[PDB]
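Step one of this worksheet: look at the structure below.
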Amino acid sequence: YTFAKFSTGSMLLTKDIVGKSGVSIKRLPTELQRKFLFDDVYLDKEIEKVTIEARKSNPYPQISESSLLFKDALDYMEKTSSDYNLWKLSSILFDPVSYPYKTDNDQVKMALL
Amino acid sequence: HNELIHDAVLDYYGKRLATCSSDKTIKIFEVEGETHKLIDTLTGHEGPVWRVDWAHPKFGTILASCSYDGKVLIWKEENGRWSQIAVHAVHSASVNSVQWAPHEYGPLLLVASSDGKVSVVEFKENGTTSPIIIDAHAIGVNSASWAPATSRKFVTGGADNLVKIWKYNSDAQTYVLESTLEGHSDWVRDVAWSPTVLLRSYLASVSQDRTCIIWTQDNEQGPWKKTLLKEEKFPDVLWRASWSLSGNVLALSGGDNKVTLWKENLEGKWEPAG
Amino acid sequence: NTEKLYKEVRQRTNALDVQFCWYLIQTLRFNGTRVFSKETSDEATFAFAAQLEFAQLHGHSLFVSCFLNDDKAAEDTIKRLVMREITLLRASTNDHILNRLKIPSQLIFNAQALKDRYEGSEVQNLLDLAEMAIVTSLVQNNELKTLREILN
């Protein structure tokens with residue numbers, strides 16, 4: 001016989017006759033494999049990039065503006081890792097380019113970009 | 001000495017664990033990572049305590065346990081001293097499951113005993129019990145789980161291999177059965193409603209015939225959809241089946257000494273994870 | 001039809017992880033770069049928020065949960081999590097800015113009220129249960145203040 005249900009703090013207790021209680025406080029194996037996520041600095045700087053507005057159907061927060069770019073994550077990864085390659089290439093193809101020099105008309109700008 | 005605990009429950013905030021074993025005692029622990037310090041032992045049953053279950057802290061510290069002595073015992077911590085405040089044994093056999101409702105419903109309890117009954121015990125203004133019972137299953141009820149909702153409902157797993165979905169009705173004042181589902185060849189051990197307020201609703205029904213059917217209803221209308229999690233019998237009889245709050249992960253406690261975990265993928269079918 | 005392909009890519013491979021898929025969808029959304037269904041963006045968002053909550057990263061899961069389009073779901077997810085996990089979400093300033101996302105005053109104190117009833121507050125209540133609080137209180141200045149609050 002075994003028993004196991006999910007915790008409020010989504011994690012699992014199972015029969016375990018090796019502890020003291022007769023159960024095991026198991027930290028559920030997280031699929032989330034990406035180091036900088038567990039460091040709270042990343043999250044702070046990431047909130048710095050957002051504009052939160054209350055909803056038009058309730059007072060709960062939801063994002064109105066985001067300035068997140070594939071670019072931004074790159075500081076938190078090794079330039080050698082394949083991950084870094086993914087995020088970089090993604091930046092190159094998707095993040096907006098800026099062209100600082102003024103251009104005669106705007107279709108030109110588009111061409112330069 | 002604790003060779004066979006049958007159930008354990010965690011509180012809303014997870015600071016206080018309550019295991020219950022076969023020696024009739026219910027031990028309360030103050031958990032802290034590695035160190036769960038035993039804070040209490042509770043002796044008041046005349047048989048193995050099958051299940052324990054805290055209530056919503058909105059109702060202070062209450063814990064309804066059900067044991068082999070056919071009696072449901074409500075307990076309560078009082079200034080750091082536990083006391084059996086109430087009891088509800090209108091069931092003529094071993095009481096198996098006991099699970100509180102969503103706290104929006106009041107302080108409702110859900111008892112499910114082998115006399116083919118399932119009760120919903122309200123606790124009135126005097127704190128006294130207001131039992132309104134129904135007959136659930138023929139040869140006995142192994143489990144009964146609540147449903148969240150925003151038109152209340154619950155599920156029951158039977159000894160006649162049924163899985164029933166009951167709903168409240170003001171006309172009847174007793175929960176009127178609205179839909180039954182057939183798919184197991186042996187005692188439906190455990191049934192679970194998923195707390196996912198998402199596009200559809202999910203039910204994981206583990207059973208003795210080593211199957212776990214998943215009843216996914218499209219919505220409020222179109223009936224359920226039978227889906228044998230995997231199409232091979234598990235190496236041994238399955239016991240428990242629990243959903244995760246955040247995520248809709250399914251945990252399966254088979255009598256094969258590991259707990260498996262199954263997640264839904266974009267096929268709609270279920271895949272192991274761990 | 002990025003989305004079309006994205007959906008195709010989803011059912012075929014796992015090369016794109018939960019986090020990445022969410023980040024991608026969000027960037028493209030908030031930069032006009034591309035278009036995704038409210039439902040696909042919410043799907044991605046749910047998945048990542050959940051992974052995060054499995055990692056005991058409640059602040060971060062909370063932040064992600066806000067990119068939900070469906071207001072009902074956002075409400076539920078957020079509420080549920082804040083109330084269940086208020087204690088941890090009230091430590092540092094990096095946790096403060098958190099509860100200064102725009103977590104509703106109500107939700108925060110309400111959650112905090114629950115944590116008090118369960119550990120055995122009054123200003124929050126001032127902002128049945130009231131009778132029980134009066135019960136617990138059973139000085140003159142406090143009584144007067146309570147009276148003023150009731151009048152208000």
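Letters A, B, ... mark the chains of the structure tokens in the order given; residue numbers begin at 1 per chain; ligand numbers begin at 1, in order shown.
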
Write out as a PyMOL selection string the set of residues from stretch 7-146 of chain C that DSSP, computed on the backbone, places in helix (DSSP H, G or I). chain C and resi 7-12+18-30+38-54+58-65+71-85+93-99+105-119+122-126+129-137+140-146

Neighbours of chain C in chain A at 10 Å, counting only C-alpha atoms, as a PyMOL selection string: chain A and resi 8-11+27-34+37-48+50-70+86-87+90-91+94-96

Exercise: residue B:205 partners within 6 Å, only C-alpha atoms, chain neighbours under 6 positions left out, as a list in words: residues 191, 212 and 213 of chain B

Within 10 Å of chain A: each chain B residue with its shortest pair, only C-alpha atoms, as a Markdown table:
| residue | atom | partner | partner_atom | distance |
| --- | --- | --- | --- | --- |
| B:1 | CA | A:20 | CA | 9.3 |
| B:2 | CA | A:22 | CA | 6.7 |
| B:3 | CA | A:17 | CA | 6.4 |
| B:4 | CA | A:22 | CA | 7.6 |
| B:5 | CA | A:22 | CA | 6.2 |
| B:6 | CA | A:3 | CA | 7.0 |
| B:7 | CA | A:3 | CA | 6.7 |
| B:8 | CA | A:23 | CA | 7.4 |
| B:9 | CA | A:7 | CA | 8.2 |
| B:10 | CA | A:7 | CA | 6.5 |
| B:11 | CA | A:8 | CA | 7.5 |
| B:12 | CA | A:8 | CA | 6.0 |
| B:13 | CA | A:8 | CA | 7.2 |
| B:14 | CA | A:8 | CA | 7.2 |
| B:17 | CA | A:21 | CA | 8.7 |
| B:18 | CA | A:21 | CA | 8.9 |
| B:19 | CA | A:21 | CA | 7.1 |
| B:20 | CA | A:22 | CA | 9.1 |
| B:21 | CA | A:22 | CA | 8.8 |
| B:27 | CA | A:21 | CA | 8.2 |
| B:28 | CA | A:21 | CA | 8.9 |
| B:29 | CA | A:21 | CA | 7.6 |
| B:31 | CA | A:25 | CA | 9.1 |
| B:32 | CA | A:25 | CA | 9.6 |
| B:33 | CA | A:25 | CA | 7.4 |
| B:34 | CA | A:25 | CA | 8.2 |
| B:35 | CA | A:20 | CA | 8.4 |
| B:36 | CA | A:21 | CA | 6.9 |
| B:37 | CA | A:20 | CA | 8.5 |
| B:38 | CA | A:21 | CA | 7.9 |
| B:192 | CA | A:5 | CA | 9.9 |
| B:236 | CA | A:1 | CA | 9.9 |
| B:237 | CA | A:1 | CA | 8.9 |
| B:238 | CA | A:2 | CA | 8.6 |
| B:239 | CA | A:2 | CA | 6.8 |
| B:240 | CA | A:3 | CA | 5.8 |
| B:241 | CA | A:5 | CA | 6.9 |
| B:242 | CA | A:5 | CA | 4.8 |
| B:243 | CA | A:6 | CA | 6.3 |
| B:244 | CA | A:6 | CA | 5.4 |
| B:245 | CA | A:10 | CA | 6.4 |
| B:246 | CA | A:10 | CA | 6.8 |
| B:247 | CA | A:10 | CA | 9.0 |
| B:249 | CA | A:6 | CA | 9.1 |
| B:250 | CA | A:6 | CA | 8.7 |
| B:251 | CA | A:5 | CA | 6.8 |
| B:252 | CA | A:4 | CA | 7.2 |
| B:253 | CA | A:3 | CA | 5.5 |
| B:254 | CA | A:2 | CA | 6.5 |
| B:255 | CA | A:1 | CA | 5.0 |
| B:256 | CA | A:2 | CA | 7.9 |
| B:257 | CA | A:2 | CA | 6.5 |
| B:258 | CA | A:2 | CA | 8.2 |
| B:259 | CA | A:4 | CA | 7.3 |
| B:260 | CA | A:4 | CA | 9.9 |
| B:273 | CA | A:31 | CA | 8.8 |
| B:274 | CA | A:29 | CA | 6.2 |

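Any residue of chain C with an atom within 7 Å of chain B counts; using only C-alpha atoms, that gives residues 11, 47, 50, 84, 114, 117 and 118 of chain C.
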
Please produce an output containing N, CA, C and O atoms for each residue in the selection, written as a compact mmCIF listing (two decimals), in the first residue's frame.
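So part.txt came out as:
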# COMPACT_ATOMS: atom_id res chain seq x y z
N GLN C 11 3.94 20.34 -31.20
CA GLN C 11 3.56 18.94 -31.20
C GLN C 11 4.65 18.01 -31.72
O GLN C 11 4.56 16.79 -31.57
N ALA C 47 1.83 27.68 -18.56
CA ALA C 47 2.84 26.62 -18.47
C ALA C 47 4.08 27.11 -17.71
O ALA C 47 4.54 26.46 -16.76
N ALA C 50 3.50 27.95 -13.99
CA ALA C 50 3.38 26.70 -13.27
C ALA C 50 4.73 26.08 -12.97
O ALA C 50 5.00 25.72 -11.83
N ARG C 84 -2.27 31.80 -0.49
CA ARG C 84 -1.58 30.58 -0.09
C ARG C 84 -0.13 30.86 0.38
O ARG C 84 0.38 30.18 1.26
N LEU C 114 -6.16 36.03 6.97
CA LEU C 114 -6.26 34.57 7.03
C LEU C 114 -5.09 33.97 7.81
O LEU C 114 -5.28 33.12 8.68
N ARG C 117 -5.75 34.45 11.69
CA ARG C 117 -6.74 33.54 12.21
C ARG C 117 -6.16 32.14 12.36
O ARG C 117 -6.49 31.41 13.29
N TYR C 118 -5.36 31.73 11.38
CA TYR C 118 -4.75 30.41 11.47
C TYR C 118 -3.57 30.28 12.45
O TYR C 118 -3.34 29.19 13.03

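Take atom CA of residue B:101 and atom CA of residue B:144: the distance between them is 11.2 Å.
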
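Within 9 Å of residue B:122, once only C-alpha atoms are used and residues closer than 4 positions along the same chain are dropped, the contacting residues are residues 106, 107, 108, 109, 127, 128, 129, 130, 131 and 132 of chain B.
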
Residues of the last selection are to be written out with N, CA and C atoms, as a compact mmCIF listing (two decimals), in the first residue's frame.
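So the final result, stored in selection26.txt, reads:
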# COMPACT_ATOMS: atom_id res chain seq x y z
N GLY B 106 -19.21 27.22 2.90
CA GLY B 106 -19.39 27.11 4.33
C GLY B 106 -18.30 26.20 4.87
N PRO B 107 -18.61 25.43 5.93
CA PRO B 107 -17.65 24.47 6.47
C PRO B 107 -18.01 23.02 6.16
N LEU B 108 -18.54 22.77 4.97
CA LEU B 108 -19.07 21.45 4.62
C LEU B 108 -18.02 20.34 4.60
N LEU B 109 -18.44 19.17 5.05
CA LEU B 109 -17.60 17.98 5.06
C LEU B 109 -18.17 16.92 4.11
N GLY B 127 -22.53 25.40 16.28
CA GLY B 127 -21.48 24.46 15.94
C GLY B 127 -21.94 23.02 15.83
N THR B 128 -23.25 22.79 15.95
CA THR B 128 -23.77 21.43 15.93
C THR B 128 -24.00 20.94 14.50
N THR B 129 -24.01 19.62 14.32
CA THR B 129 -24.02 19.03 12.99
C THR B 129 -25.40 18.98 12.33
N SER B 130 -25.44 19.16 11.01
CA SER B 130 -26.70 19.16 10.26
C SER B 130 -26.74 18.17 9.09
N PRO B 131 -26.69 16.86 9.38
CA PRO B 131 -26.41 15.86 8.34
C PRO B 131 -27.51 15.72 7.28
N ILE B 132 -27.13 15.80 6.01
CA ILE B 132 -28.05 15.52 4.90
C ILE B 132 -27.28 14.55 4.02

Extract, using only C-alpha atoms, all DNA, RNA and protein residues at most 10 Å from residue B:143, discarding same-chain residues fewer than 4 positions from it, and format them as a list in words. residues 95, 96, 97, 98, 99, 110, 111, 112, 113, 114, 118, 155, 156, 157, 158, 159, 163, 188, 189, 190, 191, 192 and 240 of chain B

Residue contacts of residue C:6 (12 Å, only C-alpha atoms) excluding same-chain residues fewer than 4 positions away, as JSON, numbers by chain: {"C": [1, 2, 10, 11, 12, 13, 14, 15, 16, 21, 22, 24, 25, 34, 35, 36, 37, 40, 41, 44]}

Atoms to include: N, CA, C and O atoms. Write the selected residues as a PDB file, in the first residue's frame.
ATOM      1  N   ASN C   1       2.375  33.095 -40.922  1.00  0.00           N
ATOM      2  CA  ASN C   1       1.723  32.218 -39.957  1.00  0.00           C
ATOM      3  C   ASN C   1       2.761  31.608 -39.048  1.00  0.00           C
ATOM      4  O   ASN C   1       2.817  30.378 -38.885  1.00  0.00           O
ATOM      5  N   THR C   2       3.369  32.480 -38.257  1.00  0.00           N
ATOM      6  CA  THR C   2       4.283  32.070 -37.214  1.00  0.00           C
ATOM      7  C   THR C   2       3.553  31.179 -36.249  1.00  0.00           C
ATOM      8  O   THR C   2       4.003  30.066 -35.977  1.00  0.00           O
ATOM      9  N   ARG C  10       5.349  22.830 -31.729  1.00  0.00           N
ATOM     10  CA  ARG C  10       5.026  22.336 -30.395  1.00  0.00           C
ATOM     11  C   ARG C  10       4.786  20.839 -30.324  1.00  0.00           C
ATOM     12  O   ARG C  10       5.366  20.143 -29.491  1.00  0.00           O
ATOM     13  N   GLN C  11       3.939  20.339 -31.205  1.00  0.00           N
ATOM     14  CA  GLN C  11       3.563  18.937 -31.195  1.00  0.00           C
ATOM     15  C   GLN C  11       4.654  18.006 -31.724  1.00  0.00           C
ATOM     16  O   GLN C  11       4.562  16.788 -31.570  1.00  0.00           O
ATOM     17  N   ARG C  12       5.669  18.566 -32.392  1.00  0.00           N
ATOM     18  CA  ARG C  12       6.745  17.767 -33.001  1.00  0.00           C
ATOM     19  C   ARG C  12       7.985  17.601 -32.115  1.00  0.00           C
ATOM     20  O   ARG C  12       8.569  16.518 -32.055  1.00  0.00           O
ATOM     21  N   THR C  13       8.432  18.670 -31.448  1.00  0.00           N
ATOM     22  CA  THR C  13       9.710  18.621 -30.760  1.00  0.00           C
ATOM     23  C   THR C  13       9.570  19.295 -29.407  1.00  0.00           C
ATOM     24  O   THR C  13       8.578  19.978 -29.136  1.00  0.00           O
ATOM     25  N   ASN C  14      10.569  19.084 -28.558  1.00  0.00           N
ATOM     26  CA  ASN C  14      10.737  19.836 -27.322  1.00  0.00           C
ATOM     27  C   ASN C  14      11.952  20.768 -27.295  1.00  0.00           C
ATOM     28  O   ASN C  14      12.389  21.172 -26.224  1.00  0.00           O
ATOM     29  N   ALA C  15      12.489  21.100 -28.469  1.00  0.00           N
ATOM     30  CA  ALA C  15      13.724  21.877 -28.566  1.00  0.00           C
ATOM     31  C   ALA C  15      13.538  23.261 -27.957  1.00  0.00           C
ATOM     32  O   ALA C  15      14.480  23.862 -27.432  1.00  0.00           O
ATOM     33  N   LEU C  16      12.311  23.767 -28.032  1.00  0.00           N
ATOM     34  CA  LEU C  16      11.961  25.028 -27.398  1.00  0.00           C
ATOM     35  C   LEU C  16      11.312  24.732 -26.053  1.00  0.00           C
ATOM     36  O   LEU C  16      10.300  24.035 -25.977  1.00  0.00           O
ATOM     37  N   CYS C  21       9.581  29.553 -24.988  1.00  0.00           N
ATOM     38  CA  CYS C  21       8.345  29.750 -25.743  1.00  0.00           C
ATOM     39  C   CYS C  21       7.525  30.911 -25.188  1.00  0.00           C
ATOM     40  O   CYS C  21       6.965  31.724 -25.956  1.00  0.00           O
ATOM     41  N   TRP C  22       7.547  31.066 -23.866  1.00  0.00           N
ATOM     42  CA  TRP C  22       6.788  32.164 -23.277  1.00  0.00           C
ATOM     43  C   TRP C  22       7.457  33.490 -23.602  1.00  0.00           C
ATOM     44  O   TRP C  22       6.797  34.435 -24.044  1.00  0.00           O
ATOM     45  N   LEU C  24       9.511  34.274 -26.013  1.00  0.00           N
ATOM     46  CA  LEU C  24       9.329  34.515 -27.442  1.00  0.00           C
ATOM     47  C   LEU C  24       7.973  35.141 -27.716  1.00  0.00           C
ATOM     48  O   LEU C  24       7.888  36.258 -28.241  1.00  0.00           O
ATOM     49  N   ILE C  25       6.921  34.408 -27.353  1.00  0.00           N
ATOM     50  CA  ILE C  25       5.562  34.879 -27.596  1.00  0.00           C
ATOM     51  C   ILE C  25       5.365  36.291 -27.054  1.00  0.00           C
ATOM     52  O   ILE C  25       4.801  37.151 -27.731  1.00  0.00           O
ATOM     53  N   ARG C  34       5.077  40.168 -34.306  1.00  0.00           N
ATOM     54  CA  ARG C  34       4.288  39.026 -34.747  1.00  0.00           C
ATOM     55  C   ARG C  34       2.998  38.946 -33.951  1.00  0.00           C
ATOM     56  O   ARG C  34       2.783  39.725 -33.021  1.00  0.00           O
ATOM     57  N   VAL C  35       2.141  37.999 -34.320  1.00  0.00           N
ATOM     58  CA  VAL C  35       0.815  37.889 -33.730  1.00  0.00           C
ATOM     59  C   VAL C  35       0.565  36.496 -33.146  1.00  0.00           C
ATOM     60  O   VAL C  35       0.845  35.482 -33.789  1.00  0.00           O
ATOM     61  N   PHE C  36       0.050  36.451 -31.918  1.00  0.00           N
ATOM     62  CA  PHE C  36      -0.312  35.183 -31.296  1.00  0.00           C
ATOM     63  C   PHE C  36      -1.706  35.276 -30.680  1.00  0.00           C
ATOM     64  O   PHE C  36      -2.094  36.330 -30.170  1.00  0.00           O
ATOM     65  N   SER C  37      -2.450  34.173 -30.720  1.00  0.00           N
ATOM     66  CA  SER C  37      -3.773  34.122 -30.106  1.00  0.00           C
ATOM     67  C   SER C  37      -3.660  34.445 -28.631  1.00  0.00           C
ATOM     68  O   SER C  37      -2.678  34.071 -27.988  1.00  0.00           O
ATOM     69  N   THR C  40      -3.055  31.126 -27.086  1.00  0.00           N
ATOM     70  CA  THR C  40      -1.726  30.536 -27.171  1.00  0.00           C
ATOM     71  C   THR C  40      -0.727  31.247 -26.251  1.00  0.00           C
ATOM     72  O   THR C  40       0.112  30.605 -25.601  1.00  0.00           O
ATOM     73  N   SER C  41      -0.870  32.568 -26.153  1.00  0.00           N
ATOM     74  CA  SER C  41      -0.035  33.376 -25.272  1.00  0.00           C
ATOM     75  C   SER C  41      -0.333  33.055 -23.823  1.00  0.00           C
ATOM     76  O   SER C  41       0.575  32.954 -22.986  1.00  0.00           O
ATOM     77  N   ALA C  44       1.101  29.384 -23.099  1.00  0.00           N
ATOM     78  CA  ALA C  44       2.521  29.528 -22.799  1.00  0.00           C
ATOM     79  C   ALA C  44       2.736  30.096 -21.397  1.00  0.00           C
ATOM     80  O   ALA C  44       3.524  29.559 -20.599  1.00  0.00           O
TER      81      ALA C  44
END

Can you work out the spacing between atom CA of residue B:203 and atom CA of residue B:217 in Å, to one decimal? 8.6 Å

Considering only C-alpha atoms, return as a ChimeraX atom specification whatever protein or nucleic-acid residues lie within 9 Å of residue A:113, sequence-local ones (same chain, fewer than 2 positions apart) excluded. /A:97-99,108-111

Write out as a VMD selection string all residues of chain A that backbone DSSP assigns to strand (DSSP E). chain A and resid 4 to 6 12 to 15 23 to 26 50 to 54 61 to 66

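We find atom CA of residue B:76 and atom CA of residue B:89 to be spaced 17.6 Å apart.
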